[PDB]
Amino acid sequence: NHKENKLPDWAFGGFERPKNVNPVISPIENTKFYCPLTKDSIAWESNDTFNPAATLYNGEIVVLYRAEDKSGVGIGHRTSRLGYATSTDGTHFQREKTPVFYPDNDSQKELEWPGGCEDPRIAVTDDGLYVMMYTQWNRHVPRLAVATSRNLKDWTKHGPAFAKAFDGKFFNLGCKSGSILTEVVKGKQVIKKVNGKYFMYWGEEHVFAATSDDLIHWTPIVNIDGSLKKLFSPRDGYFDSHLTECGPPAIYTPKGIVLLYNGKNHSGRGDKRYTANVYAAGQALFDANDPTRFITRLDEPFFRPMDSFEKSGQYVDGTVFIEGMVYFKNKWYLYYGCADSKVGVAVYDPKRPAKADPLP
């Protein structure tokens, strides 16, 4: 009656959850991995498999999922490693039994041990260079870092994204969640340049931005006084009242640049229509000619917890965190974390758009 969640003509959606497919990736007890830092075998994906990256490779959808062992108690006390899975249809995945990206006795050990490597986002260049933006976690400072690959298995760690910018001014900056700007060209979503440089939206507490000449060394967009330039922020009385966290890579379209993001509801300044302290997905629109120029955002989340697989004993009313997205066989596949423990998929079909999740 009053629960119809109409989307404006610039937004993606609705993303419909296919019947009997979810969750697509869940924790596995039996799979073991020899951790070079722990010096012992561990059930690296026995507790949680969530917050995934997604991309296209060899006519197949590849997903890298954040996996955690039972090495700790609660929030950020386990070790995160990235699992690898491939799919021919976007709904059924074939996983490897060992992680493809993890902390090791390499140049990033101090930054990645013992929290590991979290929440990946992957975009690909015109020529097949996959660029991963992920979080380095050592239980002290979270850092947005970069890793490159050509086969999505053998990764090269380049360290924190903002390590060199302005003489190392932001090396110790606590940050995460980087959504590189992309565009669909000849049926393929690739990293796009604007104004001569590569571009990225990033942040958890606010949506910031950054540019780069080589996709490795990023320079944050700053104000006259050198402070980080806030593009938009959490707002009172809405679902995105505590956090406005970047989701999958941003997409340059004819109507403008769309950033799909995750909003966390504030318990004191949020909207009680939605669950407190959990995530629901939103979308923001930026000017095509100026990517830092905010136009608008959705007043209601387009995707939120609806089914039991997106819920748990820990999160009774559920929580979803969008992070992977692939244009495959003329449809959009959205990959997201479910209750910080499973991976889910939802599909948007441009030729027959479904309704978004209804309002509560």
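Don't overthink the numbering: it's just position in the shown sequence, from 1.
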279 to 287 versus 146 to 154: which one carries the higher mean Cα B factor per the record?
-> 146 to 154
Between 134 to 142 and 234 to 242, the record assigns the higher mean Cα B factor to 134 to 142
Which one of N51, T55, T38, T296 shows the top CA temperature factor in the record?
-> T38
Most elevated Cα B-factor in the entry, residues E204, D271, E110, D119 | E110
Is the Cα B-factor recorded for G344 in the lowest, middle or highest third of its chain?
-> lowest
Ranked C-alpha temperature factor of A67 among modelled chain residues, by third | middle
Assert third(CA B-factor, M306) within chain per record equals highest
Split the chain's modelled residues into thirds by Cα B-factor; is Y34 in the lowest, middle or highest one?
-> highest
Third of the chain, ranked by Cα B-factor, where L334 sits | lowest
